[PDB]
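Trainee: One structure coming up, written as structure tokens, with questions to follow.
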Amino acid sequence: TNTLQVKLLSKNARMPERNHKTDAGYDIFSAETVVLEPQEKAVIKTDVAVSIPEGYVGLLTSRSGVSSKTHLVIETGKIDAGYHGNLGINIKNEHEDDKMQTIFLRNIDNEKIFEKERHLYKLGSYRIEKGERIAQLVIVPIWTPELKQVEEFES
Amino acid sequence: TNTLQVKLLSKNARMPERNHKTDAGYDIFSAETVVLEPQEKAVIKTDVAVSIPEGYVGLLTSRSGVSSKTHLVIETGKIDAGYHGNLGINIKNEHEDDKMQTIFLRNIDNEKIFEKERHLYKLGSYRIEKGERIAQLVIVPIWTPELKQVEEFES
Amino acid sequence: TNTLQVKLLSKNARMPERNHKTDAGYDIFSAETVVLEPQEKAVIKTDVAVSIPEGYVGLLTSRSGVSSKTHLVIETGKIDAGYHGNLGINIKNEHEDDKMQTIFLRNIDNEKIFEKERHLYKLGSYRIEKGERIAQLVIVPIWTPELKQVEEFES
Ligand SMILES: O=c1ccn([C@H]2C[C@H](O)[C@@H](COP(=O)(O)NP(=O)(O)OP(=O)(O)O)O2)c(=O)[nH]1
Ligand SMILES: O=c1ccn([C@H]2C[C@H](O)[C@@H](COP(=O)(O)NP(=O)(O)OP(=O)(O)O)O2)c(=O)[nH]1
Ligand SMILES: O=c1ccn([C@H]2C[C@H](O)[C@@H](COP(=O)(O)NP(=O)(O)OP(=O)(O)O)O2)c(=O)[nH]1
Ligand SMILES: [Mg+2]
Ligand SMILES: [Mg+2]
Ligand SMILES: [Mg+2]
């Protein structure tokens, strides 16, 4: 106990990292560079697996920085105990498609990505680089009792 | 203890079911067949009540399959201890209204619903059938202390 | 133990309040009157700080009433232990921008705000008043072990 196993599935993966000693969440990094157009969905790969013990659940969830600044919305993922597969970050660019163009992609701090080669993108598009802090994993204990069907409650 | 009471409110309701032994969430089924147009909201009825004991909270939340494949977004519901009412799934079709038509509704796996009778729908519309796994209930313990107002923290 | 410190940062702030004895969440009030146009984002200030102890995490999250009735979407905030700063409610008006006008703002119950002075707003705009129940704080215990890297899991 007091030990969580972590299995890196690739060279692109990075070990989960906790910001402070007091903090609750382990920050999670992307294993791939992805461009998301307005309204576009994706399951961004972490290339990290973990073995959550029985009587616990992981919460692969958004960071307040990224979610407040940008229209990148991560749907909180309920990481089951025993799931040793690749942790996917369930993400959607929730910026509106207003049929407008721009030479600037946007980073995860909602800042213009300057670049030498000029390219037209859809306005509201974002780019997430390889190995950026876009999510965090918070583990909490769970209650998994037997279900007893009843006609009325005892209270 | 180690027992959760479940009260079926209708013939349309189904008993909550856990997928595996190791898993954290009890999968929840719809009690009604619903069509959601783009941007349309609803509180889909489960027709299941539960008695969560004191010192716990239920999390009626999305499944990673349905949320990744489709624009159906369930807002996680905080199920209080003692709430013996009908569990509503708080859902919105977050697909954009782009003023386009199609003969195909979409199922919860983002697949075309073929049908003999031809009908025009709005593009991005979904249909959820009676008794489909669209949500899951994860129960976690909670901390409910007394609040003491202070001018500064003791740390 | 069984005591949470709460520090009001302003006269506009209100003490967090639990609805019932059995309930899990402490309801949180806005410290500022804010108008959110369609698609507009904000970090609405509570002007309340709290000292969550070690081995716990706060969940600053939406209420089922406000989220079901309106397109106001609060992204659940993961409140770390030791964070003594101002609690921001991470909110976005997820109503579509359909380029239409109206004389009516909308309140957090999705009801028309009548007013003597006539003003044109964008359709789907909301207003949140000073000191309205728009969020709730649920505290849960957490598991914060050491991470051990491994080539394969022990199971
Ligand atoms: O965001 C997520 C969510 C889940 N997952 C993984 C972890 C979890 O153990 C597994 C199953 O989660 P769900 O039960 O919520 N998905 P679903 O019920 O649709 O599929 P399954 O049939 O596997 O339960 O998917 C992710 O990688 N990312
Ligand atoms: O998605 C949900 C969320 C909540 N609920 C139920 C369970 C819970 O016990 C009850 C109250 O939850 P909230 O406190 O979050 N809603 P609100 O604070 O707006 O209303 P109330 O005055 O009842 O607290 O609503 C659902 O059925 N589905
Ligand atoms: O909705 C929120 C979410 C977080 N917070 C505060 C509480 C928490 O202690 C602090 C940090 O939360 P995150 O770790 O999720 N944000 P991020 O990882 O982007 O920044 P940091 O570098 O501070 O970790 O922000 C809010 O006030 N409102
Ligand atoms: Mg962090
Ligand atoms: Mg499942
Ligand atoms: Mg409440």
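Residue numbers start at 1 in each chain; chains themselves are named A, B, ... in the order of the structure tokens; ligands are numbered from 1 in the order shown.
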At a cut-off of 6 Å, list the chain B residues touching chain A, using only C-alpha atoms, as a list in words.
Mentor: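 That gives residues 2, 3, 4, 5, 6, 7, 22, 23, 24, 139 and 140 of chain B for chain B.
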Trainee: Given the selection you just returned, output its residues as a file containing N, CA, C and O atoms, formatted as a PDB file, in the first residue's frame.
Mentor:
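And here's again-v4.pdb as it stands now:
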ATOM      1  N   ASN B   2     -22.648  -2.399   3.532  1.00  0.00           N
ATOM      2  CA  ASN B   2     -22.336  -3.128   2.291  1.00  0.00           C
ATOM      3  C   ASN B   2     -23.611  -3.543   1.526  1.00  0.00           C
ATOM      4  O   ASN B   2     -23.670  -4.612   0.914  1.00  0.00           O
ATOM      5  N   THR B   3     -24.621  -2.670   1.565  1.00  0.00           N
ATOM      6  CA  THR B   3     -25.911  -2.906   0.910  1.00  0.00           C
ATOM      7  C   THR B   3     -26.551  -1.572   0.538  1.00  0.00           C
ATOM      8  O   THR B   3     -26.725  -0.711   1.403  1.00  0.00           O
ATOM      9  N   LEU B   4     -26.890  -1.407  -0.742  1.00  0.00           N
ATOM     10  CA  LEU B   4     -27.565  -0.205  -1.234  1.00  0.00           C
ATOM     11  C   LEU B   4     -28.977  -0.560  -1.686  1.00  0.00           C
ATOM     12  O   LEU B   4     -29.158  -1.455  -2.515  1.00  0.00           O
ATOM     13  N   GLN B   5     -29.968   0.145  -1.139  1.00  0.00           N
ATOM     14  CA  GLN B   5     -31.370  -0.051  -1.521  1.00  0.00           C
ATOM     15  C   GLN B   5     -31.660   0.612  -2.865  1.00  0.00           C
ATOM     16  O   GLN B   5     -31.232   1.744  -3.104  1.00  0.00           O
ATOM     17  N   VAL B   6     -32.381  -0.102  -3.731  1.00  0.00           N
ATOM     18  CA  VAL B   6     -32.761   0.392  -5.058  1.00  0.00           C
ATOM     19  C   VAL B   6     -34.257   0.162  -5.259  1.00  0.00           C
ATOM     20  O   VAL B   6     -34.734  -0.963  -5.109  1.00  0.00           O
ATOM     21  N   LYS B   7     -34.982   1.222  -5.611  1.00  0.00           N
ATOM     22  CA  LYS B   7     -36.435   1.175  -5.774  1.00  0.00           C
ATOM     23  C   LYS B   7     -36.796   1.494  -7.222  1.00  0.00           C
ATOM     24  O   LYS B   7     -36.632   2.630  -7.669  1.00  0.00           O
ATOM     25  N   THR B  22     -14.203  -5.823 -10.480  1.00  0.00           N
ATOM     26  CA  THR B  22     -13.252  -4.766 -10.114  1.00  0.00           C
ATOM     27  C   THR B  22     -13.763  -3.333 -10.351  1.00  0.00           C
ATOM     28  O   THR B  22     -13.270  -2.397  -9.715  1.00  0.00           O
ATOM     29  N   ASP B  23     -14.737  -3.166 -11.253  1.00  0.00           N
ATOM     30  CA  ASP B  23     -15.219  -1.834 -11.663  1.00  0.00           C
ATOM     31  C   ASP B  23     -15.856  -1.016 -10.537  1.00  0.00           C
ATOM     32  O   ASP B  23     -16.353  -1.564  -9.550  1.00  0.00           O
ATOM     33  N   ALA B  24     -15.836   0.303 -10.728  1.00  0.00           N
ATOM     34  CA  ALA B  24     -16.265   1.280  -9.725  1.00  0.00           C
ATOM     35  C   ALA B  24     -17.716   1.740  -9.884  1.00  0.00           C
ATOM     36  O   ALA B  24     -18.398   1.991  -8.886  1.00  0.00           O
ATOM     37  N   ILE B 139     -20.221   5.848  -6.325  1.00  0.00           N
ATOM     38  CA  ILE B 139     -20.436   6.346  -4.962  1.00  0.00           C
ATOM     39  C   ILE B 139     -19.090   6.506  -4.257  1.00  0.00           C
ATOM     40  O   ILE B 139     -18.249   5.610  -4.305  1.00  0.00           O
ATOM     41  N   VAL B 140     -18.908   7.648  -3.597  1.00  0.00           N
ATOM     42  CA  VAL B 140     -17.675   7.966  -2.871  1.00  0.00           C
ATOM     43  C   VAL B 140     -18.020   8.509  -1.481  1.00  0.00           C
ATOM     44  O   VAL B 140     -19.069   9.135  -1.312  1.00  0.00           O
TER      45      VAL B 140
END
Trainee: Within 9 Å of ligand 5, which residues of chain B show up? Give each one with its shortest atom-to-atom distance in Å (one decimal) and the two atoms involved, counting only C-alpha atoms and all ligand atoms, rows by chain then rising residue number, as a tab-separated table.
Mentor:
residue	atom	partner	partner_atom_place_in_ligand_line	distance
B:18	CA	ligand 5	1 (Mg)	7.4
B:19	CA	ligand 5	1 (Mg)	6.0
B:20	CA	ligand 5	1 (Mg)	8.3
B:23	CA	ligand 5	1 (Mg)	7.3
B:24	CA	ligand 5	1 (Mg)	8.1
B:25	CA	ligand 5	1 (Mg)	6.3
B:26	CA	ligand 5	1 (Mg)	7.3
B:27	CA	ligand 5	1 (Mg)	6.1
B:63	CA	ligand 5	1 (Mg)	6.3
B:64	CA	ligand 5	1 (Mg)	7.8
B:65	CA	ligand 5	1 (Mg)	8.4
B:133	CA	ligand 5	1 (Mg)	8.7
B:135	CA	ligand 5	1 (Mg)	8.3
B:136	CA	ligand 5	1 (Mg)	6.8
Trainee: Among chain C, which residues carry a DSSP assignment of helix (DSSP H, G or I), reported as a ChimeraX atom specification?
Mentor: /C:64-69
Trainee: Just the number, please: distance in Å from atom 3 (C, counted along the ligand's line) of ligand 1 to CA of residue 49 (chain A), one decimal.
Mentor: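 We find that atom 3 (C, counted along the ligand's line) of ligand 1 and CA of residue 49 (chain A) lie 12.4 Å from each other.
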Trainee: Hey, what's within 8 Å of residue 29 (chain B) if we count only C-alpha atoms and toss same-chain stuff fewer than 4 positions away? As a PyMOL selection string, please?
Mentor: chain B and resi 13-14+16+46+130-135
Trainee: In Å to one decimal, how far is CA of residue 129 (chain A) from CA of residue 102 (chain A)?
Mentor: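 Pair CA of residue 102 (chain A) / CA of residue 129 (chain A) returns 19.5 Å.
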